[PDB]
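When a ligand or atom number is given, it counts from 1 through the structure's own listing order. What's counted below: heavy atoms across the whole structure, side chains too, no hydrogens, waters or symmetry copies. Chain A is the first sequence line, chain B the second, and so forth, proteins listed ahead of strands; every chain is numbered from 1.
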Amino acid sequence: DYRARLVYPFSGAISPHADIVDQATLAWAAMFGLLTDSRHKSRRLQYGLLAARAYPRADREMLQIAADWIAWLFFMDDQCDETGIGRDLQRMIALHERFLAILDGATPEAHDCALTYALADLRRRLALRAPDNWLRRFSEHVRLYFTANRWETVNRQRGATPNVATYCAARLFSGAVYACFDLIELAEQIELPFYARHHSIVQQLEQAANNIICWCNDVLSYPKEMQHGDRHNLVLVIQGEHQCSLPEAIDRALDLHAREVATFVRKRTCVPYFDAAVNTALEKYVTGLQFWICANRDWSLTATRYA
Amino acid sequence: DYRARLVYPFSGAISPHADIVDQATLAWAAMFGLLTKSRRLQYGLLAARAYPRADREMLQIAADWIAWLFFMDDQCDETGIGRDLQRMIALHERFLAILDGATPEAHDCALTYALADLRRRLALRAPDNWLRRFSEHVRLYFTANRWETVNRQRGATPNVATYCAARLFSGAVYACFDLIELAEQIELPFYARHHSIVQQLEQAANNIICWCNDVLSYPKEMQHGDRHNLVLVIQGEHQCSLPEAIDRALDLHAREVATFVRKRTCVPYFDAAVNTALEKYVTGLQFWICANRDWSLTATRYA
Ligand SMILES: CC(C)=CCC/C(C)=C/CC[C@H](C)CCOP(=O)(O)OP(=O)(O)O
Ligand SMILES: CC(C)=CCC/C(C)=C/CC[C@H](C)CCOP(=O)(O)OP(=O)(O)O
Ligand SMILES: [Mg+2]
Ligand SMILES: [Mg+2]
Ligand SMILES: [Mg+2]
Ligand SMILES: [Mg+2]
Ligand SMILES: [Mg+2]
Ligand SMILES: [Mg+2]
C-alpha cells in the first residue's frame, strides 16, 4: 500500500460549514449549467469538502467562492484531460481568448459557453472581497494555468511526454495551485506588504507546497490518467525518462514527495524577521500552505475520483 | 579605495550604437520637457552596456526607459514629492492608468506623456503577456517608492531583512530584466521563465546591482538624508562605523556574486531550444550586473 507513504509531520482541519458549502457548490454548478449528463454521481463530487479542508478558518461567503472556484477547476480539468478539447489547440485558444477577456472584466455575450459565464461570476464575487492588486495577481496565476493547459494540449496532440525537469516546472502552473494559494490571503483576511508577499523564502515555501500537492495527486491519479493515455504525471514521466517499471516509478515519485516535505519543513524556519505584524500575517499564510497540503491528501484518499 | 572590490568573474559588453542612442535619448528627453551638464547624464551608455546585442530600435526604447527612471528617481530621492505620499499616490494613479492603455489628458505631467510614449513603443515590439509582466514589475516599483516615501515622512529606518526585500522592487531592476527578452529576441516558455532557479538568478543579479549601487551612491544619499541604502541600513542596525558598514555591504555583494555563478550551474536541462534561449537570458543578467558597475564608475552621478 504505497498510498500509506503520503504522510506529513503536521495535521489539517476542516471548516464547520463543509456540507452547507458542498451543497451550494452543486446548486452553483446547476445554475451555470456545468453538470453534464454523466445526476446521482454529482452527489459524490464533494468539491466543497476539498475547499472546506483547504480554507478551514474562512467565513462561509469566502469559503463558498473558493469551493465554486475549485468546482470550476475540476469541470475545466476533466474537459482538458478526458475529452476532445484537450487534443485540439485551436479550440482551446478560442476558449482561452474568451476566459482572458472575462479575467480583464469583460461581461459575457450570448454565444459564450457555461464555463465562461461561471468564470465571470467568480471574478465578480472576488472583485467584491479583494482589492485590485490581489485581483491582478490571481488573474496572472489563472492566465499561467491556461498557458500550461495549452502546453499539455500540444503534448497530447504531438504524442510527446515531457522529461522530469520540464514536467515538474510546468506542473507548478498546470494544476492552478498558485491561484488557490492566492485565496489564502482572502480566507485569512491578511494584507502582506509587497516585500514580504514576494520574498524568496515565501516563493520557495509556495513552490515546495505546490510540488507536494501535485506529486501527491500524481501518485493517487496515475491509474485514471494511464486509462486516458495522458502522461502528465510524475510517475509516468519518471517511467519514460528512467525506462523503469511502474512500481519503481511510483517509489521514485514517493521519494521526491518525501524530500519535498522535508524541504518545506526546513524552509519554514528560514522566514526572516520583518516586524511583529508582518510576521504574524506571514505565519497565517504559511499555515494556510500546510492546511492545503493536508486538504489535498485528506480529501483525495476519501474521493471516488481516484478509486 | 573600497570601489576596487566591486569585481565579477565575468565581463560585460557595449552595443556599437551606444553614442547615437545616448544622443537620441537626450533629444527624446528634451522633446518631452524632462530636461531643466545634460551631455554628462549618459543614460544611453548604461542601456548600451545592459542590452549590448539589441537592435538599435529596441535599445532606444530601453535607453529612453532608463532615462525616464533616473528623472523619476531624482524627484523621489532629492525633491519634495518623495516626502509627500498623497501627491505620489495621485501621480502613480495617472501612471497606472497609462500602463493599462489610457491615453494622457490635457493636464498630465511630462513624465506621464513620456511613459505613455514608452508603453505605445513597447506594444509594437512585445505581446500582451510580456506587457502585463512588465506593467506588474513597474507597479511594484511604484508601490516600493510609496513605501520609501512613508519611511522618509515618519523618519523610520527598516532592518536589513526588510530593506533588502523592498530594494528588489524600489530599483525597478525586474522591469529592466523584462527588456532582456526583447533585446535578445527570445520567447521563454512559462515553465522556464518562472523556474525557481531562474527566479533565484534574477534575485541574486538584482541584489548585486542594487548593493553595488548602494556602495557607490551612499555619499549623495547621506547628503539628501535618505537611508534607503544597504551601507546606511547596516550602520543603523549594527551601530557600527561607516567603514565597517561599507565592508559588511561589500561582503554581502561578494557572497551574492558567488551565489549567482553557483546557481548558473544548477539550471535544469529542458530541451535544446529552451536552454539556448535561457542561456541568452542568464547572459543578459550578467551583462546588466557588469553594465551597472562599468557605467557607475565612469558616471559623474556618483562622483
Ligand atoms: C482540477 C484542478 C486543476 C484543480 C483543483 C484544485 C486543486 C488545486 C487540486 C489539487 C490537485 C491537483 C493540483 C490537480 C491537478 O490536476 P490533475 O488533472 O492532475 O487532477 P486530477 O488528477 O484530479 O485529474
Ligand atoms: C533610477 C532607476 C530607478 C533605475 C535606472 C536603471 C537602473 C536599474 C539602474 C541601476 C541602479 C539602481 C538599481 C537604482 C536604484 O535607485 P537609487 O535611487 O539607489 O539610484 P541612484 O543611487 O542612482 O540614485
Ligand atoms: Mg485531471
Ligand atoms: Mg489536469
Ligand atoms: Mg492527476
Ligand atoms: Mg536615487
Ligand atoms: Mg531611488
Ligand atoms: Mg543609490
Side-chain angles (χ1 to χ4, degrees), chain A residues 73-74 77-78 80-82 152 167 171 174-175 177 213-228 230-237 253 296 300 303 305-306, chain B residues 41 43-47 49-51 62-79 82 137-138 141-142 144-145 147-149 151-152 163 166-180 205-224 226-233 288-296 299-303:
Chain A
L73 280 177
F74 278 117
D77 186 72
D78 282 335
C80 292
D81 304 348
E82 298 188 358
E152 289 192 338
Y167 170 68
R171 186 55 161 143
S174 68
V177 162
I213 288 153
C214 288
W215 301 344
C216 176
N217 169 273
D218 292 349
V219 169
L220 296 176
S221 64
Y222 76 75
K224 78 179 184 84
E225 283 157 17
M226 272 186 66
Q227 286 180 240
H228 290 93
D230 189 352
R231 302 190 67 83
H232 289 107
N233 185 299
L234 183 60
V235 175
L236 304 184
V237 164
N296 175 59
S300 294
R305 175 167 188 89
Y306 313 116
Chain B
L41 294 175
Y43 297 145
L45 301 191
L46 176 53
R49 289 177 170 95
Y51 316 99
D64 296 354
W65 162 247
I66 283 166
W68 191 94
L69 283 171
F70 273 121
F71 291 128
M72 180 74 267
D73 185 69
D74 283 333
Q75 286 191 11
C76 291
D77 298 349
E78 302 185 350
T79 265
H137 282 140
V138 175
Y141 162 70
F142 297 153
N145 276 46
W147 180 80
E148 284 187 345
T149 290
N151 289 356
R152 285 189 194 100
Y163 166 74
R167 181 57 159 144
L168 284 168
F169 297 101
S170 69
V173 167
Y174 287 140
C176 292
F177 285 178
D178 296 329
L179 291 170
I180 298 169
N206 193 336
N207 283 328
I208 289 161
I209 286 156
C210 284
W211 301 347
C212 176
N213 173 269
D214 286 354
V215 166
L216 298 175
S217 70
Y218 79 76
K220 73 179 193 79
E221 280 162 20
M222 273 175 68
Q223 287 174 235
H224 286 92
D226 201 335
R227 296 169 308 282
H228 296 103
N229 188 295
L230 185 58
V231 174
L232 304 184
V233 168
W288 237 113
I289 292 163
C290 290
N292 176 59
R293 191 275 315 274
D294 293 344
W295 178 81
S296 292
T300 62
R301 185 174 179 81
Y302 312 113

Inset, instruction - Kindly confirm or rule out an N or O of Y141(B) lying under 3.5 angstrom from an N or O of ligand 2. - result: no
Inset, instruction - Can you measure from SG (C212(B)) to CG (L230(B)) and round to the nearest 0.5 angstrom? - result: 11.5 Å
Inset, instruction - For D77(B), take its heavy atoms, then give the atoms of ligand 2 lying under 4.0 Å from any of them. - result: 18 (O)
Inset, instruction - I would like to know whether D77(A) and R305(A) meet salt bridge (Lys or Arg N to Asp or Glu O under 4.0 Å); could you show each step before the answer? - result: CA-CA 13 Å; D77(A) 186 72; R305(A) 175 167 188 89; 3.6 Å; yes
Legend entry - Check: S170(B) side chain, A144(B) main-chain N or O, donor-acceptor pair, under 3.5 Å: no
Inset, instruction - Taking the six-membered ring for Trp and the single ring otherwise, decide whether the centroids of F169(B) and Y174(B) are under 6.0 Å apart. - result: yes
Inset, instruction - Verify the distance test for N233(A) against the Mg ion (ligand 5): any N/O/S atom under 2.8 Å, yes or no. - result: no
Inset, instruction - Looking at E225(A), pick out the N, O or S atom nearest to the Mg ion (ligand 5) and give its name. - result: OE2
Inset, instruction - Check each atom of ligand 2 against the heavy atoms of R301(B) and keep those under 4.0 Å away; list them by number with element. - result: 21 (P), 23 (O), 24 (O)
Inset, instruction - Check each heavy atom of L69(B) against ligand 2 and say whether those closer than 4.0 Å belong to the side chain, the backbone, both or neither. - result: both
Legend entry - Option with minimal heavy-atom separation from atom 17 (P) of ligand 2, where the choices are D73(B), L46(B), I66(B): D73(B)
Inset, instruction - Ignoring hydrogens and angles, state whether a donor on the side chain of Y43(B) or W68(B) is under 3.5 Å from an acceptor on the partner side chain. - result: no
Inset, instruction - Please indicate how many protein N/O/S atoms are found closer than 2.8 Å to the Mg ion (ligand 7), with waters neither displayed nor included. - result: 2
Legend entry - Side chain to side chain, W65(B) and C176(B), heavy atoms closer than 4.5 Å: yes
Legend entry - Straight-line distance of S221(A) OG to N233(A) CG, nearest 0.5 Å: 5.0 Å
Inset, instruction - Could you tell me if any non-hydrogen atom of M72(B) lies under 4.0 Å from any atom of ligand 2? - result: no
Inset, instruction - For the pair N213(B) and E221(B), evaluate side-chain contact (heavy atoms from CB on, under 4.5 Å) and give the outcome as yes or no after the intermediate values. - result: CA-CA 11 Å; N213(B) 173 269; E221(B) 280 162 20; 4.2 Å; yes
Legend entry - Residue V173(B) vicinity, atoms of ligand 2 by number, heavy atom under 4.0 Å: 13 (C)
Inset, instruction - Measure the shortest side-chain to side-chain distance between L168(B) and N207(B) over non-hydrogen atoms and say whether it is less than 4.5 angstrom. - result: yes
Inset, instruction - Looking only at non-hydrogen atoms, find the nearest pair between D178(B) and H137(B) and report the distance. - result: OD2-ND1, 2.7 Å
Inset, instruction - With heavy atoms of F70(B) as the reference, note each atom of ligand 2 found under 4.0 Å away. - result: 1 (C), 5 (C), 23 (O)
Inset, instruction - Measure the shortest side-chain to side-chain distance between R152(B) and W147(B) over non-hydrogen atoms and say whether it is less than 4.5 angstrom. - result: no
Inset, instruction - Would you give the angle at the Mg ion (ligand 5) between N217(A) atom OD1 and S221(A) atom OG, to the nearest 10°? - result: 90°
Inset, instruction - Tell me yes or no: between the side chains of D226(B) and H224(B), is some donor less than 3.5 Å from an acceptor? - result: no
Legend entry - the Mg ion (ligand 5) to nearest N/O/S of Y222(A) less than 2.8 Å: no
Inset, instruction - Enter the distance from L46(B):CG to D294(B):CG here, rounded to the nearest 0.5 Å. - result: 10.0 Å
Inset, instruction - Give the atoms of ligand 2, by number and element, whose distance to some non-hydrogen atom of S217(B) is under 4.0 Å. - result: 22 (O)
Inset, instruction - For atom 24 (O) of ligand 2, find the nearest protein heavy atom and state the residue, atom name and distance (0.1 Å precision). - result: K220(B) NZ, 2.7 Å
Legend entry - Selected option - heavy-atom contact closest to atom 3 (C) of ligand 2, from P219(B), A299(B), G171(B), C76(B): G171(B)
Legend entry - Distance in Å, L216(B) CG paired with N292(B) CG, rounded so as to fall on 0.5 Å steps: 7.5 Å
Inset, instruction - Heavy-atom distances under 4.0 Å are what count here, so tell me which part of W288(B) touches ligand 2: side chain, backbone, both or neither. - result: side chain
Legend entry - Geometric N/O contact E221(B) with ligand 2, under 3.5 angstrom: yes
Legend entry - Location of contacts on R167(B) toward ligand 2, heavy atoms closer than 4.0 Å: side chain
Inset, instruction - May I ask you to check whether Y167(A) and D218(A) show a side-chain donor-acceptor distance below 3.5 Å? - result: yes
Legend entry - Proximity to ligand 2 by part of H228(B), non-hydrogen separation under 4.0 Å: neither
Legend entry - Side-chain heavy atoms of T149(B) within contact of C76(B), under 4.5 Å: no
Inset, instruction - Answer side chain, backbone, both or neither: which part of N229(B) comes under 4.0 Å from ligand 2, heavy atoms only. - result: neither
Inset, instruction - Answer with side chain, backbone, both or neither: which part of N292(B) has a heavy atom less than 4.0 angstrom from an atom of ligand 2? - result: side chain
